[PDB]
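The next block holds one structure in the form of structure tokens; read it before the comments.
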Protein chains: 2
Amino acid sequence: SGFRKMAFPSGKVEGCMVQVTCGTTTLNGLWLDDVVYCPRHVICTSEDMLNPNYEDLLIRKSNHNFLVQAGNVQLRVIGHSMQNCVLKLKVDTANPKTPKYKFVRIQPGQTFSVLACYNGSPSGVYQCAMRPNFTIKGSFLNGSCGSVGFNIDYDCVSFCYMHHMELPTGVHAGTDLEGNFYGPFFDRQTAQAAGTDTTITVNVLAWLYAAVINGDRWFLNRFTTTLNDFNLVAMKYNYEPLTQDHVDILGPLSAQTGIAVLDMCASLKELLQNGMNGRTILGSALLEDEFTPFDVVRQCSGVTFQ
Amino acid sequence: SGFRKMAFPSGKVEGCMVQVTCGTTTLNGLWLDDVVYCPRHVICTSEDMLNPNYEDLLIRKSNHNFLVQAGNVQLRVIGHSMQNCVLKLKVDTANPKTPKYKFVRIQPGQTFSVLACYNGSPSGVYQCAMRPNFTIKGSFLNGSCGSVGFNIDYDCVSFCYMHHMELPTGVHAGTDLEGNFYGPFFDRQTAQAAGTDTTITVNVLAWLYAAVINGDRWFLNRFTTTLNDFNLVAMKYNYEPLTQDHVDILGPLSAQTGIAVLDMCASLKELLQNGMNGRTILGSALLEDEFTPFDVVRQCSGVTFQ
Ligand SMILES: *[C@@](O)(c1nc2ccccc2s1)[C@H](C[C@@H]1CCCNC1=O)NC(=O)[C@@H]1Cc2ccc(F)cc2CN1C(=O)[C@@H](NC(=O)C(F)(F)F)C(C)(C)C
Ligand SMILES: *[C@@](O)(c1nc2ccccc2s1)[C@H](C[C@@H]1CCCNC1=O)NC(=O)[C@@H]1Cc2ccc(F)cc2CN1C(=O)[C@@H](NC(=O)C(F)(F)F)C(C)(C)C
């Protein structure tokens, strides 16, 4: 029993974190085989931090203008290239701790673990989600850029995020590991700002199923709803539309609990319209939307506490 | 910016997790140097799971009745001893991944990271607190016993918890790494139940300071309170008394924000008496009490967003 914001064990990623320096700029890099991946703005100086032309800045650099430190070992850079907003530094040593890995570009609504790092050294691990507006509600300070987000499946690390920027609302923007930003953001100091965000409906439903698995039914009701009528309420509360594919994805949790998806939708409708009346669900007074259906299955018992 | 339930990176602990089998019972163990630590009830069978006499059960075992598996490598047991509720198995191989480490018995109110493990294999990492009633609100299924809790300081792992039991309310009980339970609990199937819990006041105050550091002041007021008058309100809301030592511990966060501790106490008093009026603090609609003052300093900027 219990239900926690649960991150993946971070060891396989810790062994990949390094420090990249160019000029007086240092940030984190990810060392896999003989390549170190890091945000390309490591090549910016104090005077470049507005609207840099990265191709023009990078052609002025040589391999030896980059320093890569792995622990107390300096790795020599023997090639470099820019791919989108990521710099790839070829180094003379293959990381002996390279895990089995993939790069994935995730969809909004999906969750991942972040290994927050400073000076190439891991500091902490937490769970977040790719928001519908393609920001993340991270926890990042100066020096964190290059920290990565990941999921793990049967000892394969799927990297999905590299940290680049903090937006004016205090949320975060970054890239996939091929250097493409999530959302409409850029690695430049310009007017960018999160678009209006929405609540991830399929995830709230998954978390309600988690609450039932763990023995709590107080929020259920005798009603059902059509998908169309539910979505008319969702829209009013700034929730994402629920699709039939979401309904299908929730199939297993519905089967394990004996509660039809559209019946859980009617419970959620009532919660939106009435509030919680001072009660909590899985220790929260808000409707939590950063657990996916997979996250619930991963953490919860396959046996419902009936 | 941001503020997350942040666990320590778990790599140094992952490398210590092993599987211990006795009879048909398998659970997790912690391999440090040439010793494997695990819950002593690994020696129980289906018929022992009520009121076992552990000294009588253990004298009937030999070293070769214990199997220790580290990955796909079987470690041979060459000695055993019981210390309180923990079994110590001496093995023929010292763990080459043994980190620098300590065993600590923590005080209630302190937080730690849990590496949840099944079959000797790490599954996830989350943050919890030792509750005033010496339970933890963990997330544990069958097969999790022997999973450990820890803090890390300058690459020294301080182990503080080993998981043993789930109580009827779904919360968890366990031991320090010397095998002494936290709280009044036993490794036996008897009427035990969590005592009444309380909210960790000094931690709520620390988290309010975190909210101010990150730029949010909506809950502050112009009032102050005496320590005695605050504690009369605390008692009414099932909060722990706040001591002068708590006040002292909050000194640094008070100094960084310019808000006197007893002024923050008056803010907390008002929150308790009025509620939040539908507003949130650091993304929560409840007063969070599982961040210590140290946790806030560790995660937050040393520069307040004024
Ligand atoms: C990251 O650690 C980096 N620092 C540096 C320093 C020098 C060169 C390159 C980098 S990357 C930080 C993390 C960030 C810091 C603030 C606290 N919380 C965080 O997550 N990233 C930045 O500072 C980025 C990098 C950058 C790159 C090119 C530019 F032209 C400008 C920047 C500045 N920057 C920002 O995040 C800024 N935000 C924005 O410009 C915007 F539009 F996204 F809001 C800033 C105002 C500095 C937060
Ligand atoms: C842990 O994984 C262990 N399983 C076994 C199995 C055989 C032998 C030894 C152990 S340790 C579980 C973790 C637990 C399971 C339930 C779901 N969530 C969890 O955290 N620990 C137990 O099952 C313990 C072990 C034990 C030891 C000696 C005994 F005499 C009896 C037990 C049973 N047990 C419990 O946690 C039970 N709770 C209580 O007895 C009490 F009083 F604490 F509530 C149980 C009712 C099984 C949850």
Side-chain angles (χ1 to χ4, degrees), chain A residues 1-2 301-303 305, chain B residues 13-14 16-32 34-93 95 114-124 136 138-149 159 161-168 170-182 185-192:
Chain A
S1 302
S301 178
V303 179
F305 186 16
Chain B
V13 178
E14 290 166 52
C16 301
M17 305 305 310
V18 303
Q19 195 179 229
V20 182
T21 302
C22 182
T24 49
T25 304
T26 298
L27 44 60
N28 303 290
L30 182 72
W31 181 24
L32 299 167
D34 60 348
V35 179
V36 174
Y37 307 75
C38 74
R40 61 176 176 172
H41 33 98
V42 69
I43 72 185
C44 299
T45 66
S46 323
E47 49 152 302
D48 291 317
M49 303 294 303
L50 285 181
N51 194 210
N53 186 295
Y54 287 101
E55 185 178 337
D56 196 71
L57 290 178
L58 185 59
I59 200 74
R60 300 171 195 265
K61 304 292 185 188
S62 68
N63 285 332
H64 54 93
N65 296 144
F66 299 95
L67 302 172
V68 178
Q69 195 189 312
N72 199 19
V73 195
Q74 300 290 134
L75 306 181
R76 193 169 74 91
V77 172
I78 62 174
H80 59 278
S81 59
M82 165 161 71
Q83 175 185 23
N84 305 312
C85 304
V86 152
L87 183 53
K88 297 189 285 190
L89 306 180
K90 182 112 138 176
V91 291
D92 64 357
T93 302
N95 185 356
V114 172
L115 181 67
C117 293
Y118 298 91
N119 305 290
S121 159
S123 175
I136 79 175
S139 180
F140 290 123
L141 307 174
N142 284 106
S144 60
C145 287
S147 299
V148 299
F159 296 101
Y161 180 83
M162 176 164 282
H163 184 52
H164 291 244
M165 319 289 289
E166 190 173 278
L167 299 174
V171 301
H172 299 109
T175 65
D176 64 28
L177 266 295
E178 295 182 353
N180 307 290
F181 267 87
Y182 291 98
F185 306 111
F186 306 90
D187 49 356
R188 88 185 47 130
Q189 198 156 336
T190 187
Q192 336 174 40

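Numbers restart at 1 for each chain; the letters A, B, ... are given by sequence-line order, proteins then strands. Just so you know, these numbers use all the heavy atoms, side chains as well, and skip hydrogens, waters and symmetry mates.
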Of all the heavy-atom pairs spanning [X] and [Y], show the shortest one and how long it is.
X: B:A116; Y: B:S139; value: CB-O, 4.5 Å
X: B:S147; Y: B:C117; value: OG-N, 2.9 Å
X: B:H163; Y: B:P39; value: O-CG, 3.8 Å
X: B:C22; Y: B:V42; value: CB-O, 3.4 Å
X: B:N84; Y: B:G179; value: CB-O, 3.2 Å
X: B:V114; Y: B:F140; value: CG1-CZ, 3.6 Å

If you measure from [atom1] on [X] to [atom2] on [Y], what distance do you get to the nearest 0.5 Å?
X: B:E55; Y: B:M82; atom1: CD; atom2: CE; answer: 6.0 Å
X: B:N142; Y: B:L27; atom1: CG; atom2: CG; answer: 11.5 Å
X: B:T93; Y: B:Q74; atom1: OG1; atom2: CD; answer: 11.5 Å
X: B:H41; Y: B:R188; atom1: NE2; atom2: CZ; answer: 11.5 Å
X: B:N28; Y: B:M17; atom1: CG; atom2: CE; answer: 5.0 Å
X: B:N53; Y: B:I59; atom1: CG; atom2: CD1; answer: 11.0 Å

**Message:** Would you say that B:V20 contacts B:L87 through its side chain, given a criterion of any heavy-atom pair below 4.5 Å between the two side chains?
**Reply:**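 Side-chain contact under 4.5 Å: no.
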
**Request:** Taking the side chain as every heavy atom from C-beta outward, state whether B:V148 and B:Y37 have any atom pair closer than 4.5 Å.
**Result:**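 No, every pair of side-chain atoms sits at 4.5 Å or beyond.
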
**Asked** Which residues pass the ring pair (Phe, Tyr, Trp, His ring centres under 6.0 Å) test with B:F66, sequence neighbours left out?
**Response**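 Once residues adjacent in sequence are excluded, the partners of B:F66 under the ring pair (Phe, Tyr, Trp, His ring centres under 6.0 Å) criterion are B:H80.
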
**Message:** For B:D187, give me all partners under salt bridge (charged side-chain N to carboxylate O under 4.0 Å, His left out), at least two apart in sequence or on another chain.
**Reply:**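 Salt bridge (charged side-chain N to carboxylate O under 4.0 Å, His left out) check on B:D187 returns B:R40.
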
**Residue pairs involving residues 68-92 of chain B (criterion salt bridge (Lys or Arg N to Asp or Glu O under 4.0 Å); sequence neighbours excluded)** =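 Of all non-adjacent pairs touching residues 68-92 of chain B, those that pass salt bridge (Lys or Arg N to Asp or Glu O under 4.0 Å) are B:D34-B:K90.
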
**Request:** Could you please spell out the steps behind the side-chain contact (heavy atoms from CB on, under 4.5 Å) verdict for B:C44 and B:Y54?
**Result:** CA-CA 8 Å; B:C44 299; B:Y54 287 101; 3.6 Å; yes

With distance as the sole test, does [X] use its side chain to make a donor-acceptor pair with the main-chain N or O of [Y] at under 3.5 Å?
X: B:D176; Y: B:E178; value: yes
X: B:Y118; Y: B:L141; value: yes
X: B:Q69; Y: B:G71; value: yes

Could you list the residues that satisfy side chain to side chain donor-acceptor pair (under 3.5 Å) with [X], not counting sequence neighbours?
X: B:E166; result: A:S1, B:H172
X: B:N65; result: B:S62
X: B:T26; result: B:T21

**Candidates B:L30, B:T175, B:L177 - the one meeting side-chain contact (heavy atoms from CB on, under 4.5 Å) with B:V86** =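 Exactly one pass, corresponding to B:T175.
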
**Prompt:** Does the pair B:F185 and B:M165 meet the rule for a side-chain contact (heavy atoms from CB on, under 4.5 Å), with working shown?
**Reply:** CA-CA 9 Å; B:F185 306 111; B:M165 319 289 289; 5.9 Å; no

